[PDB]
Ligand SMILES: CS(=O)(=O)c1cc(NS(=O)(=O)c2cc(Br)ccc2O)cc(S(F)(F)(F)(F)F)c1
């Protein structure tokens, strides 16, 4: 069994490299962030540009949605995060504390907390309602490349160019596990069931780990990833797929269990820096760097 993803829309508008794309939890919207300091909102099913959200002073590396699809958080080189009301475009809060670029961000499932990681090598946990920093974790010894809450928010996983992945107890901020040769870890996230973590390293390798056992369950290879923080995803709506961008301008799709490449999506004209999987439909969003600057939407039958 193989997917048959086909190009449906090319979304243009960002004026610099795109950095991240995320589908709203209710499936209705795609949000994109860019080095052009802008967030853009697009319709997930017709590709129609909806709006631009501006306010950050420098480029944006990441955006994430609240669970009710009403709020966005953005992480910027201006050392802040911003909480936005998607409906109004208004900045509700500016999260200040990091001493250097904020690279990654995420709400917890409750969406009362935000987790952030920064070039300043720290992970921060923030109160959505007040905008106050609740905890600062001395998480890593190099820039933090990704932060992600597990299925119920009990745990955070972080990745860093220092070569480490770490599991943190959200409530206490204590490091429960450190996964340890150490190529830079450019991305990480929890699996759908919360038992595994998917980590990308800058040696063209994706790895599925049982972090409790410290055992590598799966390895996915064949793509190019030696430089950039490139998101990876679990595709849960049809076939069980792993999806990632690549520095050879392609979208790679692997069979979760067999690790075989089942599809490569051709079309972008620069590094595919970010991919996202729609929560209910077999739809992928892909986004590329500044020779391209577009987002593409792809649809599969399975
Ligand atoms: C038995 S299975 O085929 O259902 C299976 C489920 C998981 N669980 S998971 O990664 O969280 C996950 C991924 C995706 Br995509 C969709 C749903 C989902 O639950 C992991 C594996 S493994 F990859 F660990 F054993 F090596 F093959 C196998």
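Quick note: numbers on chain A are straight from Swiss-Prot, i.e. 31-210, 213-334, in order.
Header says: X-ray crystallography, 1.8 Å.
Yeah, the Cβs are placed from backbone N, Cα and C, and that goes for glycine too.
The following features are taken from Swiss-Prot:
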| type | residues | note |
| --- | --- | --- |
| REPEAT | 43-82 | repeat 'WD 1' |
| CROSSLNK | 46 | SUMO2 cross-link |
| REPEAT | 85-126 | repeat 'WD 2' |
| SITE | 107 | site 'Important for interaction with histone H3' |
| MOD_RES | 112 | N6-acetyllysine |
| REPEAT | 128-168 | repeat 'WD 3' |
| SITE | 133 | site 'Important for interaction with histone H3' |
| REPEAT | 169-208 | repeat 'WD 4' |
| REPEAT | 256-296 | repeat 'WD 6' |
| SITE | 263 | site 'Important for interaction with histone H3' |
| REPEAT | 299-333 | repeat 'WD 7' |
| SITE | 322 | site 'Important for interaction with histone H3' |
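This view paints the features noted in Swiss-Prot onto the structure.
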residue: 46; record: SUMO2 cross-link; Cβ contacts under 8 Å, 6 or more apart: 64, 65, 66, 89, 322, 325
residue: 107; record: site 'Important for interaction with histone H3'; Cβ contacts under 8 Å, 6 or more apart: 88, 89, 90, 91, 131, 132
residue: 112; record: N6-acetyllysine; Cβ contacts under 8 Å, 6 or more apart: 85, 86, 103, 104, 106, 121, 123, 124, 125
residue: 133; record: site 'Important for interaction with histone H3'; Cβ contacts under 8 Å, 6 or more apart: 91, 92, 105, 147, 148, 149, 173, 174, 175, 176, 261
residue: 263; record: site 'Important for interaction with histone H3'; Cβ contacts under 8 Å, 6 or more apart: 50, 219, 276, 277, 305, 306, 307, 308
Residues of the repeat 'WD 7' (299-333) by DSSP state, where helix covers H, G and I: 0 helix, 17 strand, 18 coil
Intrachain residues whose Cβ lies under 8 Å of the repeat 'WD 1' (43-82), provided they are six or more past its termini: 88-99, 102, 104, 106, 114, 116, 119, 263, 302, 305-313, 315, 317-322, 325-327, 329
Distance between residue 213 and residue 210, Cα atoms (Å), gap of 2 unmodelled residues: 7
Tally of DSSP helical, extended and coil residues in the repeat 'WD 4' (169-208): 0 helix, 21 strand, 19 coil
Collapsed DSSP category at residue 133 (site 'Important for interaction with histone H3'): strand
Helix, strand and coil counts within the repeat 'WD 2' (85-126) (DSSP): 0 helix, 24 strand, 18 coil
Same-chain residues near the repeat 'WD 4' (169-208), Cβ under 8 Å, at least 6 residues beyond its ends: 131, 133-140, 143, 145-153, 155, 214-222, 224-226, 229, 231, 233, 241, 243-244, 246, 261
For the repeat 'WD 6' (256-296), distant same-chain residues with Cβ under 8 A (at least six beyond the ends): 31-35, 50, 91, 133-134, 175-176, 218-219, 221, 223-224, 230, 232-238, 240, 250, 302-314, 316, 318-321, 324, 330, 332-334
Surrounding CB atoms that lie within 10 Å of the CB of residue 322 (site 'Important for interaction with histone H3'), all protein chains: 16
Counts by DSSP class (helix H/G/I, strand E/B, coil) across the repeat 'WD 1' (43-82): 0 helix, 22 strand, 18 coil
